[PDB]
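Structure record follows, encoded as structure tokens.
The sequence lines fix the lettering, A, B, ..., with proteins before strands; numbering per chain opens at 1.
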Amino acid sequence: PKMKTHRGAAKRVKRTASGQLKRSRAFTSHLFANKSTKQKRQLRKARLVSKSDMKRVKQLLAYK
Amino acid sequence: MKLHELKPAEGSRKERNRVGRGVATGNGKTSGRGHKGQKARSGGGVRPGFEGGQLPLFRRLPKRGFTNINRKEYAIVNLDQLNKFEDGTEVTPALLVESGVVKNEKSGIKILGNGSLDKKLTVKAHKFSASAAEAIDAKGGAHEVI
Amino acid sequence: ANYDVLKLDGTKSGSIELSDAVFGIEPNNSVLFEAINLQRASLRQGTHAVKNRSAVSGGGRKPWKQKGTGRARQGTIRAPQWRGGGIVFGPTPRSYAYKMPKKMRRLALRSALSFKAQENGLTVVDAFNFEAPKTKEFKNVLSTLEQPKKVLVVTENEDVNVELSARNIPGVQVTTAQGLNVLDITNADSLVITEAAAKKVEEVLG
Amino acid sequence: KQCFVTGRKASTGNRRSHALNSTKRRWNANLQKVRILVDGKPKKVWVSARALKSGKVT
RNA sequence: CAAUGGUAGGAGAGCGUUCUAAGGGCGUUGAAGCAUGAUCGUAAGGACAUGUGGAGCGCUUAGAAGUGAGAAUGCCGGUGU
RNA sequence: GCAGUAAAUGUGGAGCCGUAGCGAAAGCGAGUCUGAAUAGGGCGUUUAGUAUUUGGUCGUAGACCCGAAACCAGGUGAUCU
RNA sequence: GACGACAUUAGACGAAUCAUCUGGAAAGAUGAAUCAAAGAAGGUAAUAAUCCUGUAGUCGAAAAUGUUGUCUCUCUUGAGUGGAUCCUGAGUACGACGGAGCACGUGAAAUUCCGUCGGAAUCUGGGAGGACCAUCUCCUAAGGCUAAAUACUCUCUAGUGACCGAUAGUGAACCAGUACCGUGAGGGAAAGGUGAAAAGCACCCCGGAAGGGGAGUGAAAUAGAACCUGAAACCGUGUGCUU
């Protein structure tokens, strides 16, 4: 039948123009007293899903 | 071409790989699945995204954002896509449809500015960008927002 | 371009002009092949079906205990290795038909028709005017028109008497101008088109 | 065991726990045995206490 | 002029079995099977002759698959020690 | 869907994908987001896509075959004990 | 009830071929014809459009049915305008508690149902528009009936299949849910093929018989009833070369 989508993932990544996936960052919910001011604005950004992981999740987000 | 001498297009067809039929084929005994483990079993393999119990990527990462259930996104027509019309002519949402420059009209029409007119004509659309407005007027011609 | 119009007798009457965008293109053998394969596959009915290990009668009891007997471990008398057991992955009821883009379907009818016009197998006749169904007479028409054992006759709309006359001549099929199909034009070694059907086929296919 | 008048009868559902563990349960009507006037002759029958809230003659 | 051991494994080219479409053929002046033979190709394999056999079957091109067995203390049937 | 022979095929333009992206979003647009910034950085902008199909994989299906210890529902049985 | 109309549970008619060759027999081969609204198909001593049953086409019911045109027949009020009053579905809506249902896991949780307690309005009213309200828009609950498009095939009728050909295809082509097994629920097989025609071997010989060997039937009897073809494992009898 029609293949489904990892709804848990569709809420975490936006698809970018060259087919990349823009992801949000980790280590950013609490315990900020234990992280530096440098770590915090360099975590206030967006990175791209790495090619290693992409090869593992290509189909979980095929319809995005 | 005759029905008893036909030929398929070159390189268009290929015989598929039957598995588990003799050693000479190169996929004889284990059928290309290695020796043991889940990969070697029927209906085996592992669910995609699974990482051997390591926390999967898409739970290491946080969700963000929402969806504005009511978006106004428009079928866009570029500046250079308007030089398929003529001089002094009038462009309208439905002319952008008969000529076939816009298929679905989404929630309206929006003129953006990329190329050039080489023309002088009036228009009538739903929304405009600055550069689009400026470039309709340099050559002359109005833009009656509807 | 200009094909000779003959009478049912074979004597030249007039001349007609069929375009080269319909009866004179270069045949795409890649598109014509894919179209023939399509038609041949849409004729399959696919009513093959066997029974697996769930549909064979009975077979629910472990035939003997798992350990202790000296026999191989078995779980049902209807397993695939057993005489009388379920089939693994055989035929299932299915269809075999597919589709091609519309424009490609049109280049395949034109290619068959253009192939026919290259091999000189397109005889445009003016009309047929048969008033009663009689097979000896259609056989005559074809022999006086020197048409090969295999010919496809094309009328304008349904011509009842022309159809009832060629149903039994072995090797002749009768078709309307709209019901032209590739498998039929490509089997036929010769064609015989009514001038009205010839102008209709030029309008539709180009 | 229905109410003679309305029909209020029993119904099944779930007993759910703090951990949302489910067990099947039932809900019965407050059926009371009352002598009412049926088919002329007085007769004892089960009738709900909501049907006796207003309307029944014992 | 250089290269050619090879297992898990990747790639390519192919040989065979049944059926279908078309074309072209063979068949009581003996088909398919079966048996024998000292024959041909690089291999999967292909012919030819002679016997038994008493009716179907090849070849070319292309399509589809219940397509290839030596092992599963495999299943069924025969026959051994 | 409708017509047609359980064919081709004809018709049917709801839809779908592409021609634009960026942002959580409002929005803005060959840019946009962040930012006080006209700075820097992120992602973009140099058109090529799309329909059907052969092949390779993957998902959902028992999904390469065989094989448990076992679980649950409805029935049969105190002629042995 | 009373008249018709096609269709369906028997059926009827239905074109056109002869000769030679090989053969046990031709439908084959060869030559010369013919019909076709019929060259679908199955038979026939081999492979048949013209031999047979049929096919295309046409025709056809005493009756007993579905079906349908009508004729009856049986039923029977259609509107507007005011609007002062009146009426418009109660233990109901709805709320609380516990549950269930909504794609929606109690959640901001609408919309909706069940059990348990409460419990309303009557147009100057009531419900809905996903907590929600105010306003707007839509609707008018708590009584009832309703064909079509839709799902399925124990059957029956006609037909189709790049579906299977006897370890397959039904478990079952064959007196099969039967031998058989079990106390019982239940489980559950194996087994088609002489030839064209039975022409199924008159008599004789050995033998008690089973068998056999002649003769005869047949194209063929290593086609003789366990009967078409008859592989391999396996068992024999000879021997050329070896030990």
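- Applying the 3.5 Å distance criterion, the base of G:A36 shares a donor-acceptor pair with the side chain of C:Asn168.
- Counting non-hydrogen atoms under 4.0 angstrom, C:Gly60 reaches nothing in the nucleic acid.
- With hydrogens and angles left out, the side chain of C:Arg105 and the base of F:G10 share no donor-acceptor pair within 3.5 Å.
- Here A:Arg47 lies out of heavy-atom contact (under 4.0 Å) with every strand.
- If you check every strand for non-hydrogen atoms under 4.0 Å, C:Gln45 touches a base.
- Heavy atoms of C:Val56 sit under 4.0 angstrom from primed sugar atoms or phosphate atoms, though from no base atom.
- The listed nucleotides are G:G98, E:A65, E:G63; the one nearest the side chain of B:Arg13 is E:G63.
- A distance of about 25 Å separates the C1' atoms of G:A63 and G:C13, rounded to the whole Å.
- Taking the P atoms as reference points, G:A36 lies 9 Å from G:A16, given to the whole Å.
- Set against F:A25, G:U116, E:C75, the side chain of D:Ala29 has G:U116 as its closest nucleotide.
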Short heteroatom pairs, N/O only, protein and nucleotides 129-133 of chain G, under 3.5 Å:
none

Along nucleotides 106-113 of chain G, 5' to 3', which nucleotides get a B, which get an S, and which get a -, given that the test is a protein heavy-atom distance under 4.0 Å? --------

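- Contacts between residues 50-60 of chain A and RNA chain F, defined by a heavy-atom separation below 4.0 Å, involve A:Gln59, listed by number.
- A Watson-Crick or G-U wobble pair links E:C57 with E:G25, both defining distances under 3.5 Å.
- If B:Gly43 and B:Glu15 are placed on RNA chain F by their nearest nucleotide, the residue sitting closer to the 5' end is B:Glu15.
- Distance check on atom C1': G:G224 versus G:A232 gives 28 Å, rounded to whole Å.
- Positionally, the nearest nucleotide of RNA chain F for B:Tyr74 lies more toward the 5' end than for the other of B:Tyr74 and B:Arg47.
- If you check distances only, the side chain of C:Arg78 never reaches the base of G:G171 with a donor-acceptor pair under 3.5 Å.
- G:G54 and G:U20 are not base-paired, meeting neither the Watson-Crick nor the G-U wobble geometry with both donor-acceptor distances under 3.5 Å.
- Within 4.0 Å (heavy atoms only), C:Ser165 reaches no atom of the nucleic acid at all.
- The side chain of C:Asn37 approaches E:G63 more closely than any other nucleotide in the set E:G63, G:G169, F:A30.
- Within 4.0 Å (heavy atoms only), C:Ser42 reaches sugar-phosphate atoms of the nucleic acid but no base atom.
- If you check every strand for non-hydrogen atoms under 4.0 Å, B:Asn27 touches sugar and phosphate atoms only.
- Note on B:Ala9: nothing from the nucleic acid sits closer than 4.0 angstrom, heavy atoms only.
- Inter-residue side-chain proximity for C:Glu34 and C:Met104 is flagged as unmet; no heavy-atom pair is nearer than 4.5 Å.
- A:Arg41 comes within 4.0 angstrom of nothing in the nucleic acid, heavy atoms only.
- Comparing E:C75, F:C22, G:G187 against the side chain of A:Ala17 picks out F:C22 as the nearest.
- Of the candidates G:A37, F:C66, E:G74, the closest approach to any side-chain atom of C:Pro80 belongs to F:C66.
- Nucleotides G:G57 and G:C97 fail to qualify as a pair under the Watson-Crick or G-U wobble definition, as the contacts are not both shorter than 3.5 Å.
- Using a 4.0 Å heavy-atom cutoff across all strands shown, B:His4 reaches at least one base atom of the nucleic acid.
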Would you sort out whether C:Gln45 and C:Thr47 count as a side-chain hydrogen bond (donor to acceptor under 3.5 Å, both in side chains), showing the intermediate values? CA-CA 6 Å; C:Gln45 101 165 28; C:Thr47 48; 2.9 Å; yes

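- An OP1 or OP2 oxygen of G:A38 is reached within less than 4.0 angstrom by a side-chain nitrogen or oxygen of C:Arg167.
- Taking 4.5 Å as the limit, every side-chain heavy atom of A:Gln39 sits out of range of all side-chain heavy atoms of A:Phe27.
- Set against G:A36, F:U9, E:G66, the side chain of C:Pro91 has E:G66 as its closest nucleotide.
- Counting atom types as modelled, C:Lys102 pairs no side-chain N or O with a base atom of F:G10 as donor and acceptor under 3.5 Å.
- In terms of polar N and O atoms assigned as donor or acceptor, the side chain of D:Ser11 never comes within less than 3.5 Å of the base of G:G115 in a complementary pairing.
- At the heavy-atom level, B:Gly49 lies nowhere under 4.0 Å from the strands shown.
- G:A172 and G:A190: their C1' atoms are spaced 11 Å apart (whole Å).
- At a cut-off of 3.5 angstrom, the base of G:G177 holds at least one donor-acceptor pair with the side chain of C:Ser57.
- When heavy atoms are screened at a 4.0 angstrom cut-off, C:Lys150 is found touching the sugar-phosphate backbone but no base atom.
- When the nearest nucleotides of RNA chain G are assigned to D:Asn14 and C:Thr135 by heavy-atom distance, the more 5′-ward of the two goes with C:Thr135.
- Using a 4.0 Å heavy-atom distance criterion, C:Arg40 is classed as a base contact.
- Searching all strands for a Watson-Crick or G-U wobble partner of E:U50 with both distances below 3.5 Å returns E:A35.
- Nucleotides F:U60 and E:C75 place their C1' atoms 33 Å apart, quoted to the nearest Å.
- Using the sign of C1'-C2'-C3'-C4' as the criterion, G:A142 falls on the north side of the pucker cycle.
- Partner assigned to G:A219 is none, using Watson-Crick or G-U wobble distances below 3.5 angstrom.
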